[PDB]
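Following: one structure in structure tokens, then a few remarks.
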Amino acid sequence: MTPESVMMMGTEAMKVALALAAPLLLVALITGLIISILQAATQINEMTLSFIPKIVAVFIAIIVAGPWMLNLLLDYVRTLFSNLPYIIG
Amino acid sequence: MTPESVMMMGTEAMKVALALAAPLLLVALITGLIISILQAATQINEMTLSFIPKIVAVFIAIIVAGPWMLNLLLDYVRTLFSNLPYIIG
Amino acid sequence: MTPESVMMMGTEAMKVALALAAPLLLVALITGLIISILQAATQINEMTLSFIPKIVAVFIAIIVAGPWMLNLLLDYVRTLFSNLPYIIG
Amino acid sequence: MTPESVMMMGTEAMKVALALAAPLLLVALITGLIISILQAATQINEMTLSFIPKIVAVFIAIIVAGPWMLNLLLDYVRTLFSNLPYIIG
Amino acid sequence: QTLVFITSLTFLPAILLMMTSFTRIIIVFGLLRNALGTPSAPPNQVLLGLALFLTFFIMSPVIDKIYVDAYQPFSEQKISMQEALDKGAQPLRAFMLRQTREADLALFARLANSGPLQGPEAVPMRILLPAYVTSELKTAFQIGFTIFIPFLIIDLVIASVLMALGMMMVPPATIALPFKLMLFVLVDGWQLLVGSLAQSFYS
Amino acid sequence: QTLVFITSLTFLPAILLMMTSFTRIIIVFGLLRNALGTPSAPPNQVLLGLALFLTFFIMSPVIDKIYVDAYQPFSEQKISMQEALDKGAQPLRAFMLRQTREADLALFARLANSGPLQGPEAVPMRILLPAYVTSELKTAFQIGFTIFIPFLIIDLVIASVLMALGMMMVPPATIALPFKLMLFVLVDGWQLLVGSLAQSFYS
Amino acid sequence: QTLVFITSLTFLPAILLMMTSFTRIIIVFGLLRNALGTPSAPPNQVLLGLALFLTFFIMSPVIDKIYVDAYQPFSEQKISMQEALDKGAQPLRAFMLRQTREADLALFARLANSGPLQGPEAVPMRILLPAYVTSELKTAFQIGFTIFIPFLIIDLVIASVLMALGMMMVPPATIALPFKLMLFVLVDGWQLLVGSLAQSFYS
Amino acid sequence: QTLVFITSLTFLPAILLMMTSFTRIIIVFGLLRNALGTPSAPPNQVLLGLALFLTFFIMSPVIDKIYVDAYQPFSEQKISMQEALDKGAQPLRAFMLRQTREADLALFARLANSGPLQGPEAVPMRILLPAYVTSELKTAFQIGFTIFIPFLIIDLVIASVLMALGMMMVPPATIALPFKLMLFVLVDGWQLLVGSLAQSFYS
Amino acid sequence: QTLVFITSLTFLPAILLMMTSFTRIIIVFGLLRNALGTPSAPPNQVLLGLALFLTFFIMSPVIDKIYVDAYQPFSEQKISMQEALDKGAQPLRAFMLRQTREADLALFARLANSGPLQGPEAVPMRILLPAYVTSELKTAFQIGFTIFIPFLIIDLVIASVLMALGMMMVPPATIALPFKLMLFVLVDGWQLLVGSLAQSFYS
Amino acid sequence: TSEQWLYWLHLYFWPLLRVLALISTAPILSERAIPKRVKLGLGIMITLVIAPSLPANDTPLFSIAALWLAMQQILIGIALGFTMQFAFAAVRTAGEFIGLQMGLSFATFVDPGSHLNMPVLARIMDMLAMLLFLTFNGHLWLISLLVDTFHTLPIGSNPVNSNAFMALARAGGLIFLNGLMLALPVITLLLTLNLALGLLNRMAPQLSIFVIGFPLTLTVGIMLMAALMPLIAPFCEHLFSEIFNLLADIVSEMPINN
């Protein structure tokens, strides 16, 4: 039960979270960036606008990425329930 | 059980809280400040935007800072359970 | 047990509450006011922003004010346990 | 024990509740309305803001209104314990 | 033979308190403490206490007529209790018959499919009891629920006042309990109560 | 007989402690622990210890007068309960009568339509007990409301501070426990209570 | 003596436990599970286990001073009355004394207006008990306030951060709990708790 | 000795189940549902059912060894609490040490001011319980933290997705429940739970 | 018997329900109300009733076998208490076994370390129970997620519509609720839910 | 005394258990505010009225296989209670979904402390309806129904049927209906308000609803609870009546289908 091990926990987990959430919000970014640029150059600025495209993109994302993302969790979750009798010591 | 001692409690603890939470939200500030400035000078103002970078920064923070922050608590917590028989008197 | 006395109870207590909570939230006000003004004049408007300064101010407040605030309660609380045998009548 | 009488119960009571709670929240309304308008016209929009004034108003309210509100309850409560032997029949 | 004996312990005295009053009383107070949040009162100790006291107050004249008519002549143990039992029931009979509704009377006389009854005393001990209980319950709740509504409306006023401010987090039930207390004592209301149960019982 | 014996053995232990004191005390603590959140102190055990003890110190002198007055001649068992109940009830009587409101007396007696009342012991027990218990309740809840005020001061101050800036989601109930936990000990007040109930008991 | 005996069957155990320790034990945990959210550990099950066991470990020397000094000659069952209670209470006396504040003594005995006081055995039971208690409660709430501070720190931090992010939506109290769990277990302090109650116990 | 008898009946079985297992079990499950929202599973029934069963399986070899050790000579009801105690504790002890952190024993052996410590029974009865229980708590909370992480992960995710989309006002902690649901179900890990608490319990 | 007897009286009505069904049924309901906000039913009251009604409705034929297969032949002659247990047990066994997973079998049979098995019914009584329970949990949560979907759809839809118009400010959590109830009732599906539970039990 | 008349009393246990089931199964009718020793009285009360003249003689055989018989009786008792409370539950769900638009629902998040906001409104409706019985009969119509069940379903041997249950396990159903029927006009209004708060935003993005909307809609939510009170009193008796038709049917249905 070293604080070192306890650190290794977070080191892994937070990287897992990186793996999951990374693509989605990136596509969100790129979307709002591009449309928001088009909000200039014949300005035409309202408010929400680019929101609606952002629902398309994320929706596509789970389609394209999908299963292997799951696999990630499926792996590590198991590994947890793997080492549990070694976590005591 | 002087009100003076009881004050010393808070004097220490609140400074501990200063130590912990200080860097993170500072980086948050600097982030939203800089991007928010870039929200001018070719304006391009949406809403959230700089939120996403702010998740990067904090995420990095625990990585960079990490263990010694823990040490802080690890120290003072113990010290508490140290003086407990003297806290009665 | 006149309704008049029962009114005097509240008349005192609510003023005590005035004494305690007054400075803190005032400083909160002034903070969000000033920063929020700076949210104009080179606009740069995000969302939270001025929140973080507001944690500084309140934190300072208990430092600066501190003990005498306590004294207030320390007084009146005692006075209560003072007159209790007269409260019956 | 007519359902008609049982209706008269509610008809009175709910109006009593009208009498009590009416002024307070009205002042709350007017407050948030006015400040919220001032949240436009040199916009300066944060979040809470007008909350703090709303604590002032309600606090004043019990001061200004006070006793006669009590009287209301004091009346009707008694009247209840008045007719109780007639409520059986 | 622990079984039959110690099981039979509870039954009989509970019945003996069922005969007359101590019922509607307990009920009303239980309903009280259901308002005002928690138990807030010592069930094991007090409210049982009250509910015994008020009874011993109200049933006093009857107990007198028995003591005269029964206990003291029972000092002889003259008859193994017959007119002790009977002639002691007759005051209980008339008293009982005061507040029993007719509905329960005819109804349960039907559930017995009984023949035409002349003497109300001829209505045996057995038929009197349940109708009695049911009816008086049907009074008990008629008062008890009419107690709450002011308390609960206070609750409405409270909750409204809070939520109007952005108070969303609180268990407002706790901020209630003091006011639910002041308006209990400030209006004197207690004496009003035991005056209600005092009179409207008998009338 | 034994039916009578165990019959009284069922209710009695509550009755005795009810007779006198300890009824205001309990209710006072019950109104306390609801301040400061959860059950906290374990009523299942502690309270009975506390409130039993304080009484035993308080009711002590009268109990002594019973010892010399009743227990001691009860050594002979010269007479059983004859002037034991009477004689020992006397300090019970005047005891209570000092502590009883006089409005409640005229109230309940007026309901019973009593004749001329001069002697306190000419006022029989059945007039005594209930009026007194009502007087206690009145007091107990009086002090009861007198308790809360500072605590509610705290809670409203905090709540105001939380909602002052953002933070609408925080559960104030936990942050407001510690301060309520200092102002209990910091002002020493836990002595101030028992001093208060102590003295203002008698008056 | 069926009556008095079985009544002491009702009260006795809670008293005997209150006579000793174990209260200051209980309240502490009772204030622990107030941190860490939900009832967590099974109050009806474990906390009683810990809290009792610690005691049986603690009082053990005095306990078997009662067995050796008391029950071993009680093989005779010499006198059911005197120095079982008295003598066996002598360690109850001292053990009860040394943990007690001094001021409460002057307070309570000051009330009872006793005469010359020298011997602690000349200070009777009924002077001891309440002071003993009020003392213990003082200590218990002391420690109780010593606890919470770090946890509070955690939640303040998380809340501040979230609200900074524009998380206003989020339920902060649901996130923190694991941190509160490790930062408790990481430091092993769970030992140090019973190290604290254990060492600090006597003095 | 009916006093001692029923006295023992009152608390006793809770103690008996503290003596073995099943504590860490329950604590774990009770720590499940705090992630995944509401009570969900019916704590009245299911959890205690599983939790009992697993214990039966686990202690089972020791159990039947006991039925041979105690109940089998108990054909004569041979000696009540003589070597039923010894023979009873031997597997109890050895298993217990097998589960017992050995630093704790240094602590309580130190504070106990012990003499020669050689046999496991030279570590007396009273010494085992507190340490062993503290241990069980330790591992319990350890596992407890091991659980939560993926769920927190999911929640941070969803929250981030919503914030990114401009969802600011949604109730995310409500929407996230089904996904937590599946990502527990999909993985079959519900087994691995009770494979873990099975193996890591003995080890 | 006495002791272990009363013990069995405590545990039994839990076991019998556990032994059969109804543990998977309730969770579906709790999952219901957790969509559509508040309790929206008396959890300890009605949703125990409905979920019992179904259970009897399903398991009925098994029962009718059990009686026709036991009492009526046990009344009169032939088997006594032996092939009673056999011939009445086996339908339970086979029934339960039908829905059991294949794996959890291997899991618990492995941990208990059972030798080569032949009769599936010869797989003993105790072993089946936990695997059964766990399995049925998995099923339960599955069914639950199948429940939620359309509602999540609802909230997403409405929230989206709001987002389209600049409604970011407004908390759609309120608006969706009457729709939830509408489009639950207009499509009558409550029937579809009780049936969907009825057939999909076994099929 | 001995055991002699004891066993004579020990005949009656079966209809007892039936009855005690009747009461405890009908709690909000006769509930936990009542001390458990009264709620155990009414059984021994009522049986001696009913129980005589009933032709039932049974014996507790070895390990009482007749315990199986008990599985019968309680059901019938249960059968009533968890039907009846529909009339209550349909009212409770009548109240709640109202205030959920108001101050009530902001407990939407996970596990706070206890159920909190429940008593706000729905506990008033809890009560009124529980009064409107005693205009007629709280327990009486029920008790009579039971009396009839002694004629239809005697005792012992082949116990029961099914498929009437799923009928009454169909039941609500209408729970949510009769919930709707009451609160329909309320809700249908308050949606309009909730949106009109929306329309302002395109004009006034900044109105931050907790600044404005709630201190408004709270009162209106109270007004509508004042004016829509009267429609209740004619309505409830639909609710009760229907269920009486049911129990008439069901109680009359299953026995002949044996």
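As shown in the structure tokens, the chain order sets the letters A, B, ...; within each chain, residues go from 1, and ligands are also counted from 1 in the order they appear.
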
So which residues touch residue 24 (chain H) within 9 Å, counting only C-alpha atoms, skipping near sequence neighbours fewer than 5 positions away, as a PyMOL selection string?
-> chain H and resi 29+136-137+139-141+197

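With the cut-off set to 10 Å and only C-alpha atoms counted, chain A residues close to chain I are residues 46, 47, 48, 49, 50, 51, 52 and 55 of chain A.
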
Let me see the file: selected residues, C-alpha atoms, as an mmCIF file, in the first residue's frame.
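This went into out-v9.cif:
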data_model
loop_
_atom_site.group_PDB
_atom_site.id
_atom_site.type_symbol
_atom_site.label_atom_id
_atom_site.label_comp_id
_atom_site.auth_asym_id
_atom_site.auth_seq_id
_atom_site.Cartn_x
_atom_site.Cartn_y
_atom_site.Cartn_z
ATOM 1 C CA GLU A 46 -26.413 34.714 -34.476
ATOM 2 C CA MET A 47 -25.810 32.605 -31.391
ATOM 3 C CA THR A 48 -26.273 28.861 -31.431
ATOM 4 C CA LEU A 49 -25.906 27.915 -35.073
ATOM 5 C CA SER A 50 -22.822 25.716 -34.994
ATOM 6 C CA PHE A 51 -24.390 23.877 -32.060
ATOM 7 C CA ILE A 52 -26.555 21.813 -34.384
ATOM 8 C CA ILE A 55 -24.651 17.197 -32.529
#

Considering only C-alpha atoms, tabulate each residue of chain F that lies at most 12 Å from chain J along with its nearest interatomic pair and the corresponding distance in Å to one decimal; arrange the rows by chain and ascending residue number and present them as JSON lines.
{"residue": "F:37", "atom": "CA", "partner": "J:113", "partner_atom": "CA", "distance": 10.9}
{"residue": "F:38", "atom": "CA", "partner": "J:113", "partner_atom": "CA", "distance": 10.5}
{"residue": "F:168", "atom": "CA", "partner": "J:210", "partner_atom": "CA", "distance": 11.0}
{"residue": "F:169", "atom": "CA", "partner": "J:109", "partner_atom": "CA", "distance": 10.0}
{"residue": "F:170", "atom": "CA", "partner": "J:112", "partner_atom": "CA", "distance": 11.2}
{"residue": "F:171", "atom": "CA", "partner": "J:112", "partner_atom": "CA", "distance": 8.8}
{"residue": "F:172", "atom": "CA", "partner": "J:112", "partner_atom": "CA", "distance": 11.8}
{"residue": "F:173", "atom": "CA", "partner": "J:113", "partner_atom": "CA", "distance": 9.8}
{"residue": "F:174", "atom": "CA", "partner": "J:113", "partner_atom": "CA", "distance": 11.4}

Lay chain I over chain E using all C-alpha atoms, matched one to one in order, with a least-squares fit; then write it out as a JSON list (two decimals) with C-alpha atoms, in the first residue's frame.
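Generated file (part33.json):
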[["chain", "number", "residue", "atom", "x", "y", "z"],
["I", 1, "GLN", "CA", -56.24, -23.54, 36.15],
["I", 2, "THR", "CA", -52.83, -23.50, 34.47],
["I", 3, "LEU", "CA", -52.61, -23.26, 30.68],
["I", 4, "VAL", "CA", -55.52, -21.08, 29.57],
["I", 5, "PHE", "CA", -54.81, -19.13, 32.75],
["I", 6, "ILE", "CA", -51.26, -18.12, 31.79],
["I", 7, "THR", "CA", -52.64, -17.44, 28.32],
["I", 8, "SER", "CA", -55.05, -14.93, 29.85],
["I", 9, "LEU", "CA", -52.12, -13.44, 31.72],
["I", 10, "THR", "CA", -50.47, -12.81, 28.37],
["I", 11, "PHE", "CA", -53.42, -11.23, 26.59],
["I", 12, "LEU", "CA", -55.25, -9.43, 29.40],
["I", 13, "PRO", "CA", -53.40, -6.09, 29.81],
["I", 14, "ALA", "CA", -53.89, -5.55, 26.11],
["I", 15, "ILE", "CA", -57.62, -6.24, 26.31],
["I", 16, "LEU", "CA", -58.34, -3.96, 29.25],
["I", 17, "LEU", "CA", -56.86, -0.93, 27.51],
["I", 18, "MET", "CA", -58.65, -1.95, 24.33],
["I", 19, "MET", "CA", -61.86, -2.33, 26.36],
["I", 20, "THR", "CA", -61.79, 1.30, 27.40],
["I", 21, "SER", "CA", -59.92, 4.17, 25.80],
["I", 22, "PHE", "CA", -56.37, 5.18, 25.04],
["I", 23, "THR", "CA", -56.38, 3.61, 21.61],
["I", 24, "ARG", "CA", -57.74, 6.84, 20.20],
["I", 25, "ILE", "CA", -55.50, 8.97, 22.35],
["I", 26, "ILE", "CA", -52.09, 7.70, 21.27],
["I", 27, "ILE", "CA", -52.69, 8.10, 17.54],
["I", 28, "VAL", "CA", -53.25, 11.79, 18.12],
["I", 29, "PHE", "CA", -49.75, 11.95, 19.58],
["I", 30, "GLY", "CA", -48.04, 9.93, 16.88],
["I", 31, "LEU", "CA", -49.70, 12.30, 14.47],
["I", 32, "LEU", "CA", -48.22, 15.12, 16.53],
["I", 33, "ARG", "CA", -44.61, 14.08, 16.28],
["I", 34, "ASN", "CA", -45.06, 13.18, 12.63],
["I", 35, "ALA", "CA", -45.43, 16.91, 12.33],
["I", 36, "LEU", "CA", -42.27, 18.55, 13.67],
["I", 37, "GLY", "CA", -39.93, 15.84, 12.40],
["I", 38, "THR", "CA", -38.17, 13.25, 14.49],
["I", 39, "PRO", "CA", -39.51, 11.33, 17.52],
["I", 40, "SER", "CA", -39.01, 14.48, 19.63],
["I", 41, "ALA", "CA", -40.02, 12.33, 22.62],
["I", 42, "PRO", "CA", -39.38, 8.75, 23.78],
["I", 43, "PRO", "CA", -42.32, 7.07, 22.05],
["I", 44, "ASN", "CA", -42.22, 3.85, 23.97],
["I", 45, "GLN", "CA", -41.66, 5.81, 27.15],
["I", 46, "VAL", "CA", -43.18, 9.19, 27.89],
["I", 47, "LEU", "CA", -45.95, 9.24, 25.32],
["I", 48, "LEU", "CA", -47.15, 6.07, 26.92],
["I", 49, "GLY", "CA", -47.14, 7.83, 30.25],
["I", 50, "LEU", "CA", -49.05, 10.98, 29.34],
["I", 51, "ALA", "CA", -51.61, 9.05, 27.35],
["I", 52, "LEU", "CA", -52.13, 6.83, 30.34],
["I", 53, "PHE", "CA", -52.53, 9.74, 32.76],
["I", 54, "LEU", "CA", -55.32, 11.24, 30.71],
["I", 55, "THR", "CA", -57.13, 7.92, 30.40],
["I", 56, "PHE", "CA", -57.29, 7.44, 34.11],
["I", 57, "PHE", "CA", -58.33, 11.07, 34.51],
["I", 58, "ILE", "CA", -61.29, 10.60, 32.18],
["I", 59, "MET", "CA", -62.60, 7.18, 33.10],
["I", 60, "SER", "CA", -62.27, 7.84, 36.85],
["I", 61, "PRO", "CA", -65.95, 8.49, 37.72],
["I", 62, "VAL", "CA", -67.10, 5.34, 35.98],
["I", 63, "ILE", "CA", -64.66, 3.50, 38.18],
["I", 64, "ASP", "CA", -65.83, 5.17, 41.37],
["I", 65, "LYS", "CA", -69.32, 4.03, 40.51],
["I", 66, "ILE", "CA", -68.02, 0.55, 39.83],
["I", 67, "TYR", "CA", -66.46, 0.30, 43.27],
["I", 68, "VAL", "CA", -69.20, 2.03, 45.26],
["I", 69, "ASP", "CA", -71.62, 0.00, 43.19],
["I", 70, "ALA", "CA", -69.81, -3.31, 43.69],
["I", 71, "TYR", "CA", -67.10, -4.10, 46.23],
["I", 72, "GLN", "CA", -68.49, -2.23, 49.21],
["I", 73, "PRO", "CA", -71.89, -3.83, 48.53],
["I", 74, "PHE", "CA", -70.19, -7.06, 47.43],
["I", 75, "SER", "CA", -68.17, -7.03, 50.57],
["I", 76, "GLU", "CA", -70.81, -7.76, 53.11],
["I", 77, "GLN", "CA", -73.63, -9.47, 51.30],
["I", 78, "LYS", "CA", -76.32, -9.57, 48.61],
["I", 79, "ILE", "CA", -75.08, -10.29, 45.11],
["I", 80, "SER", "CA", -72.20, -12.65, 44.40],
["I", 81, "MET", "CA", -70.45, -12.62, 41.01],
["I", 82, "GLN", "CA", -73.77, -12.41, 39.15],
["I", 83, "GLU", "CA", -75.41, -9.04, 39.44],
["I", 84, "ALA", "CA", -71.84, -8.12, 40.16],
["I", 85, "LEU", "CA", -71.30, -8.77, 36.48],
["I", 86, "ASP", "CA", -74.63, -7.14, 35.68],
["I", 87, "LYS", "CA", -74.41, -3.95, 37.69],
["I", 88, "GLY", "CA", -70.72, -3.43, 37.05],
["I", 89, "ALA", "CA", -70.96, -4.35, 33.39],
["I", 90, "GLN", "CA", -73.86, -2.07, 32.51],
["I", 91, "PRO", "CA", -71.99, 1.22, 33.15],
["I", 92, "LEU", "CA", -69.25, 0.01, 30.83],
["I", 93, "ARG", "CA", -71.87, -0.92, 28.25],
["I", 94, "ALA", "CA", -73.78, 2.37, 28.38],
["I", 95, "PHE", "CA", -70.54, 4.36, 28.42],
["I", 96, "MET", "CA", -69.03, 2.59, 25.43],
["I", 97, "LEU", "CA", -72.36, 2.68, 23.59],
["I", 98, "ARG", "CA", -72.52, 6.46, 23.92],
["I", 99, "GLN", "CA", -69.68, 7.05, 21.50],
["I", 100, "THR", "CA", -70.31, 4.08, 19.22],
["I", 101, "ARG", "CA", -71.46, 4.84, 15.72],
["I", 102, "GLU", "CA", -74.95, 3.71, 14.78],
["I", 103, "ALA", "CA", -73.84, 1.97, 11.59],
["I", 104, "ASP", "CA", -70.98, -0.31, 12.63],
["I", 105, "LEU", "CA", -73.53, -1.76, 15.01],
["I", 106, "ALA", "CA", -75.75, -2.78, 12.11],
["I", 107, "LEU", "CA", -72.67, -3.99, 10.26],
["I", 108, "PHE", "CA", -71.39, -6.51, 12.77],
["I", 109, "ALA", "CA", -74.78, -7.49, 14.13],
["I", 110, "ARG", "CA", -75.65, -8.19, 10.51],
["I", 111, "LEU", "CA", -72.62, -10.34, 9.75],
["I", 112, "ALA", "CA", -73.01, -12.38, 12.93],
["I", 113, "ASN", "CA", -76.70, -12.73, 11.95],
["I", 114, "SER", "CA", -78.36, -11.83, 15.22],
["I", 115, "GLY", "CA", -82.12, -12.10, 15.52],
["I", 116, "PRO", "CA", -84.51, -9.41, 16.72],
["I", 117, "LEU", "CA", -82.79, -7.41, 19.44],
["I", 118, "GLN", "CA", -84.41, -5.63, 22.38],
["I", 119, "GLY", "CA", -82.04, -4.64, 25.17],
["I", 120, "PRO", "CA", -79.22, -2.45, 23.90],
["I", 121, "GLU", "CA", -77.24, -3.83, 26.81],
["I", 122, "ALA", "CA", -78.68, -7.19, 25.78],
["I", 123, "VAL", "CA", -76.67, -6.65, 22.61],
["I", 124, "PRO", "CA", -74.02, -9.03, 23.88],
["I", 125, "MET", "CA", -70.62, -8.23, 25.31],
["I", 126, "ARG", "CA", -68.42, -9.33, 22.42],
["I", 127, "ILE", "CA", -70.37, -7.62, 19.65],
["I", 128, "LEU", "CA", -69.72, -4.06, 20.73],
["I", 129, "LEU", "CA", -65.93, -4.17, 20.87],
["I", 130, "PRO", "CA", -64.89, -4.11, 17.20],
["I", 131, "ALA", "CA", -67.44, -1.54, 16.07],
["I", 132, "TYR", "CA", -66.31, 0.56, 18.99],
["I", 133, "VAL", "CA", -62.67, 0.27, 17.97],
["I", 134, "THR", "CA", -63.28, 1.06, 14.30],
["I", 135, "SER", "CA", -65.46, 4.05, 15.10],
["I", 136, "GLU", "CA", -62.85, 5.43, 17.44],
["I", 137, "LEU", "CA", -60.29, 5.04, 14.68],
["I", 138, "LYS", "CA", -62.40, 7.24, 12.41],
["I", 139, "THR", "CA", -62.67, 9.81, 15.17],
["I", 140, "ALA", "CA", -58.94, 9.63, 15.71],
["I", 141, "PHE", "CA", -57.91, 10.34, 12.15],
["I", 142, "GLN", "CA", -60.44, 13.17, 12.00],
["I", 143, "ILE", "CA", -58.89, 14.82, 15.05],
["I", 144, "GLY", "CA", -55.49, 14.34, 13.46],
["I", 145, "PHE", "CA", -56.35, 16.22, 10.31],
["I", 146, "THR", "CA", -57.79, 18.96, 12.48],
["I", 147, "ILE", "CA", -54.35, 19.06, 14.11],
["I", 148, "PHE", "CA", -52.17, 19.39, 11.05],
["I", 149, "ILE", "CA", -53.73, 22.36, 9.28],
["I", 150, "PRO", "CA", -51.81, 25.34, 10.69],
["I", 151, "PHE", "CA", -48.49, 23.62, 10.07],
["I", 152, "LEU", "CA", -49.20, 22.89, 6.43],
["I", 153, "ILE", "CA", -50.09, 26.57, 6.34],
["I", 154, "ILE", "CA", -46.67, 27.31, 7.79],
["I", 155, "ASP", "CA", -44.66, 25.36, 5.25],
["I", 156, "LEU", "CA", -46.67, 26.71, 2.34],
["I", 157, "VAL", "CA", -46.16, 30.26, 3.59],
["I", 158, "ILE", "CA", -42.41, 30.02, 4.08],
["I", 159, "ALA", "CA", -41.81, 28.08, 0.89],
["I", 160, "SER", "CA", -43.83, 30.72, -0.93],
["I", 161, "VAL", "CA", -41.86, 33.62, 0.55],
["I", 162, "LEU", "CA", -38.71, 31.90, -0.63],
["I", 163, "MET", "CA", -40.16, 31.36, -4.10],
["I", 164, "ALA", "CA", -40.83, 35.09, -4.25],
["I", 165, "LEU", "CA", -37.16, 36.06, -4.05],
["I", 166, "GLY", "CA", -35.63, 33.43, -6.35],
["I", 167, "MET", "CA", -34.98, 30.97, -3.52],
["I", 168, "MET", "CA", -36.00, 27.91, -5.59],
["I", 169, "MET", "CA", -32.66, 26.28, -4.86],
["I", 170, "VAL", "CA", -32.97, 26.23, -1.06],
["I", 171, "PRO", "CA", -34.83, 23.44, 0.81],
["I", 172, "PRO", "CA", -37.28, 25.25, 3.10],
["I", 173, "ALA", "CA", -37.85, 22.00, 5.00],
["I", 174, "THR", "CA", -35.15, 23.12, 7.44],
["I", 175, "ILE", "CA", -36.14, 26.73, 8.10],
["I", 176, "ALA", "CA", -39.75, 26.12, 9.10],
["I", 177, "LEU", "CA", -38.94, 23.86, 12.03],
["I", 178, "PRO", "CA", -37.89, 26.43, 14.68],
["I", 179, "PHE", "CA", -40.97, 28.47, 13.74],
["I", 180, "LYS", "CA", -43.14, 25.41, 14.22],
["I", 181, "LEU", "CA", -41.80, 25.07, 17.70],
["I", 182, "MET", "CA", -42.00, 28.82, 18.47],
["I", 183, "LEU", "CA", -45.58, 29.37, 17.38],
["I", 184, "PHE", "CA", -46.50, 26.16, 19.06],
["I", 185, "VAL", "CA", -45.13, 27.29, 22.40],
["I", 186, "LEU", "CA", -45.86, 31.03, 22.25],
["I", 187, "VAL", "CA", -49.54, 30.12, 21.91],
["I", 188, "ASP", "CA", -49.37, 27.58, 24.72],
["I", 189, "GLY", "CA", -51.76, 25.37, 22.77],
["I", 190, "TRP", "CA", -50.40, 22.13, 24.23],
["I", 191, "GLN", "CA", -52.87, 22.81, 26.99],
["I", 192, "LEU", "CA", -55.49, 23.41, 24.33],
["I", 193, "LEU", "CA", -54.60, 20.00, 22.92],
["I", 194, "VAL", "CA", -54.90, 18.02, 26.14],
["I", 195, "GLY", "CA", -58.13, 19.82, 26.98],
["I", 196, "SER", "CA", -59.48, 19.57, 23.45],
["I", 197, "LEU", "CA", -59.03, 15.85, 23.87],
["I", 198, "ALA", "CA", -60.52, 15.95, 27.34],
["I", 199, "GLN", "CA", -63.88, 17.60, 26.68],
["I", 200, "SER", "CA", -64.46, 16.56, 23.07],
["I", 201, "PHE", "CA", -64.37, 12.97, 24.26],
["I", 202, "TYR", "CA", -68.08, 13.01, 25.04],
["I", 203, "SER", "CA", -69.50, 16.53, 25.53]]

Contacts of residue 33 (chain A) at 9 Å or less, counting only C-alpha atoms, minus same-chain residues fewer than 4 places along, as a list in words?
-> residues 28, 29, 37 and 38 of chain A; 44, 46 and 49 of chain B

Expected answer as a ChimeraX atom specification: chain B residues within 12 Å of chain C, only C-alpha atoms = /B:3-8,10-15,17-18,21-22,24-41,43-51

Residues of region 107-216 of chain J in alpha helix (DSSP H), written as a ChimeraX atom specification = /J:122-132,140-152,164-170,174-203,213-216

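One finds CA of residue 25 (chain J) at 9.3 Å from CA of residue 74 (chain J).
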
Write out as an MDAnalysis selection string the residues lying within 9 Å of region 141-151 of chain J, counting only C-alpha atoms and excluding same-chain residues fewer than 6 positions away.
-> (chainID E and resid 111) or (chainID J and resid 15 19 22 50 54 76:77 80 244 247:248 251:252)

Interatomic distance between CA of residue 171 (chain J) and CA of residue 236 (chain J)?
-> 17.1 Å

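For the pair CA of residue 131 (chain J) and CA of residue 87 (chain D), the separation is 12.2 Å.
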
Would you give me, as an MDAnalysis selection string, the residues of chain J that come within 10 Å of chain D, using only C-alpha atoms?
-> chainID J and resid 124 128:129 131:136 204:216 218:219 222:223 225:227 229:234
